[PDB]
Amino acid sequence: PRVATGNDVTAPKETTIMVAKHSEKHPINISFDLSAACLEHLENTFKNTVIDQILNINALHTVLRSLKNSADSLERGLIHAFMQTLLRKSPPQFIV
Amino acid sequence: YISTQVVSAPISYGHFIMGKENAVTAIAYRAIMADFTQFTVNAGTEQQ
Amino acid sequence: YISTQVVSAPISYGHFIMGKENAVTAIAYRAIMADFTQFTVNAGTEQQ
Amino acid sequence: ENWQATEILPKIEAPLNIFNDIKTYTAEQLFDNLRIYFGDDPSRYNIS
Amino acid sequence: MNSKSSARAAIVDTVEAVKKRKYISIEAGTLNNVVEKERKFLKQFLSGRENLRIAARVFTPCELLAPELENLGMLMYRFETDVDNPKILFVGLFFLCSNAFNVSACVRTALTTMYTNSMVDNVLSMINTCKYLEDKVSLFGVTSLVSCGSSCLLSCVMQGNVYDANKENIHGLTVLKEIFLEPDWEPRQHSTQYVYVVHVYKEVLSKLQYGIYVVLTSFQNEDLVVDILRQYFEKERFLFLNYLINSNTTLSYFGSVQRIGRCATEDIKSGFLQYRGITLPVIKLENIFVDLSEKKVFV
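Per the PDB entry, chain B is named Major capsid protein, and its organism is Human herpesvirus 6B.

Going by the annotation in the PDB entry, the name recorded for chain A is Major capsid protein, with Human herpesvirus 6B given as the source organism.

Visitor: Before we go on, may I ask you to explain the interface of chain B and chain C in this structure?
Guide: Many analyses report the size of an interface as the accessible area lost when the parts associate. Facing the 14 residues of chain B at the interface are 14 residues of chain C. At the boundary of chain B and chain C, one finds zero salt bridges. Run the count over chain B and chain C and you get three residue pairs in polar contact. Broken down by secondary-structure element, the contributors of at least two residues to the side of chain B that touches chain C are helix 1 (20-29) and helix 2 (36-41) of chain B. Take the side of chain B that touches chain C: its biggest share by element is six residues, from helix 1 of chain B. Residue composition of the side of chain B that touches chain C, grouped by class: nine nonpolar, three polar and two charged.

Visitor: Please explain the interface of chain D and chain E as it appears in this structure.
Guide: In this assembly, six residues from chain D lie in contact with four residues from chain E. Of the roughly 340 Å² buried between chain D and chain E, counting both surfaces, carbon and sulfur atoms make up 51%. Interface area lost by chain D to chain E is led by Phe38(D), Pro42(D) and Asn46(D), which between them contribute 81%. Applying the counting criterion to the chain D and chain E interface returns two residue pairs in polar contact. Of the residues that constitute the side of chain D that touches chain E, the class distribution is three nonpolar, two polar and one charged.

Visitor: Would you mind showing me how to read the pattern of salt bridges here?
Guide: Opposite charge on two side chains makes pairing possible when the charged atoms of those side chains draw close. Applying the stated criterion across every chain, the model contains nine salt bridges over all chains. Notably, a salt bridge pairs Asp72(A) with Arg76(A), separated by 3.3 Å at the nearest N-O pair. Linking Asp72(A) with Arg76(A), this pair stays in helix 2 (residues 50-89), spanning four residues, or about one helical turn. Among the residues examined, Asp72(A) registers a relative accessible area of 34% and is labelled partly exposed. You can call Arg76(A) exposed: its relative accessible area is 57%. Notably, a salt bridge pairs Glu286(E) with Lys269(E), separated by 3.3 Å at the nearest N-O pair. Placement of the pair is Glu286(E) in the loop between strand 11 (278-285) and strand 12 (290-291) and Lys269(E) in strand 10 (residues 268-275), with a sequence separation of 17 residues. On the accessibility criterion, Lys269(E) (36% relative accessible area) is partly exposed.

What counts as what
- Residues numbered from 1 in each chain as written, not as in the entry; some residues may be left out.
- Chains lettered and ligands numbered in written order.
- Part of a larger assembly, values for the part shown.
- Heavy atoms only, no water.
- Contact = heavy atoms within 4.5 Å.
- Salt bridge = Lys/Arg side-chain N within 4 Å of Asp/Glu carboxyl O.
- Polar contact = N/O pair within 3.5 Å; in protein donor to acceptor, adjacent residues only side chain to side chain.
- Helix = DSSP H or I, 4+ residues; strand = E, 2+ residues; numbered from the N terminus.
- Nonpolar A, V, L, I, M, F, W, Y, C, P; charged D, E, K, R; others polar.
- Buried area = accessible area lost by both parts, 1.4 Å probe.
- Buried < 20%, exposed > 50% of the residue type's maximum accessible area, 1.4 Å probe, protein only.

Spelled out as structure tokens, the structure:
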């Protein structure tokens, strides 16, 4: 918006300004590995023995706990990547 | 082998009119799809 | 100056689902227009 | 130039558009833009 | 018979065999405790029996990868270095075909003008101060997934077809059109040919100059291919017979051949690369099952 000008001053023109903001793109990832013995005891009970049942439940709790830990890690990766981007955007206070 | 035959011809032009679809794509993307609406309604169905 | 108070906050992600229109334009012109049905239904009217 | 619109999108059949073989046409370049692949090119799918 | 039905039966059998290789049936007691995300992951439960290609992650300073951060699919070379900080360093096929002698002067200078900086100049000085070439730098595989961060991450395929993921846009080996040649009576004899890499040295009165050749032939047998390459290289072989005695540099042969892997005859197509406007003719092999055999020397 302009302001009307008084005597001896050129009135300025209707300034129209068009800008465009792009999108940064940023992936995150989490690896976790299972051992081959864990993969073997996860998928079958060879014989239905007591020790084999114990190891089957340990393999299952290993898989479940690693899934929950990885999901938490994706949440915290979202936290940290967003804080990373705000710190790269933010100019410091004396400049501002 | 020459005989006059009574043929059923066109007499006027065909028409082609844009829709709002093609107007918006022509404005923003510099381009036109012919049959954008018939195209779209059969996009996700089995009969593509 | 420091208090602890209850604030109405979101709890889920916002959604967005790509239209059939945007799917067709993504296949054709390599582009998505967001809000495309609004640009369609507000184009030829007074309220652009 | 994009070809995936031809690769994917709805098409209209046409009977006897070529009475003659298009082997000769492809092999001796009748056309201006042509895209030919023998084995089935999986690049139809990366819709960016 | 019915035909259409049996065809659908075979296609369903192939899709179910892919699922049998991909997922694993779970015989855990599978109680109702877990959340639905873990529920659907325990129903699916992927394993990596699906890609069947062998890759390697690789870190390289990004000053060396000038066309190869843009053009996916290149031979790569491991250069071990006496610097403790980086023990290995990775090298483009074009970066080494610069000071190869087969390349004509126009293509050589053109590529060099791509490859002109301080890091690449120092590395070429190191390669020249090395005595031989073939066991200070070595063949490593085929490029996919260039990241180009600060220190660029390169994946590289040891075995299998060249693809990052999704099994889409399966890249191909890119060979400089000048450096390759096919020694056989009938080129492209019947069907899929084996692509080899031949390192050939040469001595212009002072130093050794290496040459990087790529051959394509229908022969599988390595004895047959070194027997055709001796017939090809019999003159310069003779010149090295005179050189290798008066020299004292620790090498004992004329050259060495090593198999990259399979190709297809109809998957050979010409083309050109361009980086910073330098048009550069290449022969682009399209689909390559990478299979590194041993180095086999010939004197």
